[PDB]
K.L.:
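Dropping a structure here in structure tokens format, bear with me for questions.
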Amino acid sequence: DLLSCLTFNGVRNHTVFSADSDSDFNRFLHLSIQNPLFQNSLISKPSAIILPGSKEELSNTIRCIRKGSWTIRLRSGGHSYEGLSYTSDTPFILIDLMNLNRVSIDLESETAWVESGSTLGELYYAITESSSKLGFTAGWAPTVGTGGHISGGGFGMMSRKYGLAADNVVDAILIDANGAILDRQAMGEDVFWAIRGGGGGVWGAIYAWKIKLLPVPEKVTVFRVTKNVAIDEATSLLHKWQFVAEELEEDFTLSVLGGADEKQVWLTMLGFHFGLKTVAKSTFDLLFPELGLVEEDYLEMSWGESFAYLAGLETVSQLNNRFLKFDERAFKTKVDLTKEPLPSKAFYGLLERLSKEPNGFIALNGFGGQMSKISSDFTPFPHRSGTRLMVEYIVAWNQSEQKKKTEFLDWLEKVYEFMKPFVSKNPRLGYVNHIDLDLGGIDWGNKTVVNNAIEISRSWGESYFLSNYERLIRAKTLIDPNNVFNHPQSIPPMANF
Ligand SMILES: *Cc1cc2c(cc1C)nc1c(=O)[nH]c(=O)nc-1n2C[C@H](O)[C@H](O)[C@H](O)COP(=O)(O)OP(=O)(O)OC[C@H]1O[C@@H](n2cnc3c(N)ncnc32)[C@H](O)[C@@H]1O
Ligand SMILES: *[C@@H]1O[C@H](CO)[C@@H](O[C@@H]2O[C@H](CO)[C@@H](O[C@@H]3O[C@H](CO)[C@@H](O)[C@H](O)[C@@H]3O)[C@H](O)[C@H]2NC(C)=O)[C@H](O)[C@H]1NC(C)=O
Ligand SMILES: COc1ccc(C[C@H]2c3cc(O)c(OC)cc3CCN2C)cc1O
Ligand SMILES: *[C@@H]1O[C@H](CO)[C@@H](O)[C@H](O)[C@H]1NC(C)=O
Ligand SMILES: [Mg+2]
């Protein structure tokens, strides 16, 4: 019946479930699974996969699926930390957006229309090919999809200068539960607000984003330097880092990746300056001479080169390859936001725990700059002025280490518990792109839970959105009153008597 409907509407790229591991079905399913944690045979699998190739095909796919009792799952880049783009407890149809990867750059307006299956890498590549003086603010990872990423905000190395990806969206096409094709004018300002950070898989299917392209100099300066030190020095480096990072002028970003193994600690310092190396080095010589950076550490390159470089890619060309796997290890990750400086002992204890688990690592970013100049309700992402750091904890492993899975997860749980007193509280804050089901989830098939969905969902909802939660609920009720777009942590609509 679904097939018949799709055909009647001219949607032809559809593949039904197959038990054949070599089937095209399995191939399409796995192409965009970015967390191996959700690849095994015990995981839920879609009853069919649809690859729409135009806005009409996307609209008609939604309309046809609704005539059945299927749960809709949308996938862009497949980076969901919890696999929420390609898993469901209820029978589901996977709408994979990989064929919707057209990027149209308008150099006369310095804007771009970006189909929602496009990855960050594809977008960055298109921009740098078009111009040496334009860039865009989003995350570091080139295989992340614009569909999920911009829907949830999108933080990166230029956010201290330009905010989130979603903060630079000026129009969008949203396909709603009825298949309506809505631009900013059609959807209204509440829904246009909601989609710019309120989370993917909740409002409808974004077909395309219209973004403002942003000025960058023809040469920027970056560094990527790993310090191999002991815990005393590593602790003093991280403790000073937090102040340097949040306080730097907006034209600078300094972030850190860290890990350890017994007495050996490694800290990778990632630096970005919107300008030339003389100014970059003068600034860090003054503010953070403890890093011991030398002239040869500072590299001048184009903006496009800088984003490929910071992502650990070999070439700018690699930005344009959506299936170049970033890691291929199963992982679990959690995140904290902070409001008060971290005491030295927090870094010391964090490093002690990393030293006991070499499969763990941390990623540290400062806010401030433009992030403090954007109001908390400009878009749904609320963590602006007053927010100091974002702190990510990751544990990752390969197939040969699967037996240790339980141990790895226990380690991560204990790290998060250790950090509790030092980070944001009441509530402990989060970030919707860093979706975390440990916070809880709604079973939309459970009547008693659904009756109390607003209060239950406040647990994660207020962590992700703070006071923006209420306006999000109103927007959800307007655009998807029947809850066609849902997942364990989707914004609840209000139900009528
Ligand atoms: C995997 C990963 C993620 C990541 C990162 C590095 C890696 C290796 N670095 C990030 C960074 O530097 N800054 C940042 O803000 N986030 C970073 N992330 C996390 C990433 O933002 C999120 O995982 C993001 O949501 C992923 O988006 P993607 O599009 O790749 O993922 P998805 O699984 O397919 O979708 C996620 C959710 O959104 C819904 N979705 C997908 N497409 C649409 C459209 N077009 N319309 C509406 N909803 C959509 C999915 O259904 C799912 O709910
Ligand atoms: C449904 O969509 C999928 C995914 O886009 C289609 O598969 C893709 O088809 C294109 C065109 O055949 C393939 O590109 C080709 O690649 C070869 C190298 O193998 C290259 O030499 C050609 O220039 C050509 O571009 C592409 O590989 C393939 N992608 C995947 C992931 O399989 C599929 O054809 C569509 N199905 C239907 C029924 O329309
Ligand atoms: C190259 O610089 C960076 C590298 C990694 C990160 C953290 C990144 C991450 C990196 C991985 O490799 C990975 O798989 C195991 C999982 C995760 C999920 C969290 N995510 C955001 C941030 C960076 O700035
Ligand atoms: C609904 O959810 C509640 C709380 O999670 C659970 O106790 C109960 O068993 C569920 N009810 C049904 C009928 O599944
Ligand atoms: Mg076979």
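One-based numbering along the sequence shown. Side chains included, hydrogens not; waters and symmetry mates left out as well; all remaining heavy atoms used.
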K.L.:
Are any side-chain N or O atoms of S118 and backbone N or O atoms of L123, one a donor and one an acceptor, separated by less than 3.5 Å?
P.N.:
no
K.L.:
I'd like to know if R184 pairs up with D171 as an ion pair, taking the criterion as any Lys NZ or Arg NE/NH1/NH2 lying under 4.0 Å from an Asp or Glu carboxylate oxygen.
P.N.:
no
K.L.:
Roughly how far apart are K55 NZ and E115 CD, rounded to 0.5 Å?
P.N.:
10.5 Å
K.L.:
Kindly state each residue pair satisfying ring-ring contact (aromatic ring centres under 6.0 Å, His included) with at least one member in residues 429-481, sequence neighbours excluded.
P.N.:
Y81-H434, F381-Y431
K.L.:
For side-chain contact (heavy atoms from CB on, under 4.5 Å), just list the numbers for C64 and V11, CA-CA rounded to whole Å, side-chain angles, deciding distance to a tenth of an Å, and then say yes or no.
P.N.:
CA-CA 10 Å; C64 286; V11 183; over 6 Å; no
K.L.:
Quick one: do the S18 and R27 side chains pair a donor with an acceptor below 3.5 Å?
P.N.:
no
K.L.:
Is there a side-chain contact (heavy atoms from CB on, under 4.5 Å) between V423 and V391 once you walk through the steps?
P.N.:
CA-CA 9 Å; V423 301; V391 181; 5.8 Å; no
K.L.:
Can you find a side-chain donor-acceptor pair between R471 and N468 that sits under 3.5 Å?
P.N.:
no
K.L.:
Any side-chain heavy atom of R63 within less than 4.5 Å of one from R66?
P.N.:
no
K.L.:
Please assess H79 against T143 for the test side-chain contact (heavy atoms from CB on, under 4.5 Å), listing each intermediate value before the final yes or no.
P.N.:
CA-CA 8 Å; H79 270 264; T143 61; 2.7 Å; yes
K.L.:
Is there side-chain contact between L466 and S376, with heavy atoms separated by less than 4.5 Å?
P.N.:
no
K.L.:
Can you confirm whether the side chains of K476 and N483 place a donor and an acceptor under 3.5 Å from each other?
P.N.:
yes
K.L.:
Contact between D190 and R474 at the side-chain level, heavy atoms closer than 4.5 Å - yes or no?
P.N.:
no
K.L.:
Do the side chains of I454 and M494 get nearer than 4.5 Å, heavy atoms only?
P.N.:
yes
K.L.:
When rounded to the nearest 0.5 angstrom, what is the spacing between CD1 in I211 and CD1 in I127?
P.N.:
5.0 Å
K.L.:
Taking atom types as modelled and ignoring hydrogens, do the side chains of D336 and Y393 form a donor-acceptor contact shorter than 3.5 angstrom?
P.N.:
yes
K.L.:
Tell me the closest heavy-atom pair linking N433 and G148, and the distance in Å.
P.N.:
OD1-O, 3.3 Å
K.L.:
Quick check for you: to the nearest 0.5 Å, what is the distance between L58 atom CG and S116 atom OG?
P.N.:
7.0 Å
K.L.:
Got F274 and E250 here, is their nearest side-chain heavy-atom distance under 4.5 Å?
P.N.:
no
K.L.:
Around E249, counting heavy atoms of other residues, nucleotides and ligands shown, do more than 12 lie under 6.0 Å from its CD?
P.N.:
no
K.L.:
So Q489 and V202, do their side chains get closer than 4.5 Å, heavy atoms only?
P.N.:
no
K.L.:
Have a look at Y124 and tell me which of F136, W303, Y309 forms a ring pair (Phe, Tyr, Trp, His ring centres under 6.0 Å) with it.
P.N.:
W303
K.L.:
Would you check if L134 and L107 make a side-chain contact, meaning some heavy-atom pair closer than 4.5 Å?
P.N.:
yes
K.L.:
So, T111 versus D106: side-chain donor-acceptor pair below 3.5 Å or not?
P.N.:
no
K.L.:
Assess whether side-chain contact (heavy atoms from CB on, under 4.5 Å) is satisfied between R384 and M371, documenting all intermediate values.
P.N.:
CA-CA 5 Å; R384 308 298 190 155; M371 289 295 286; 3.6 Å; yes
K.L.:
Using a strict threshold of under 4.0 Å (side-chain N to carboxylate O), is an ion pair present between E82 and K332?
P.N.:
yes
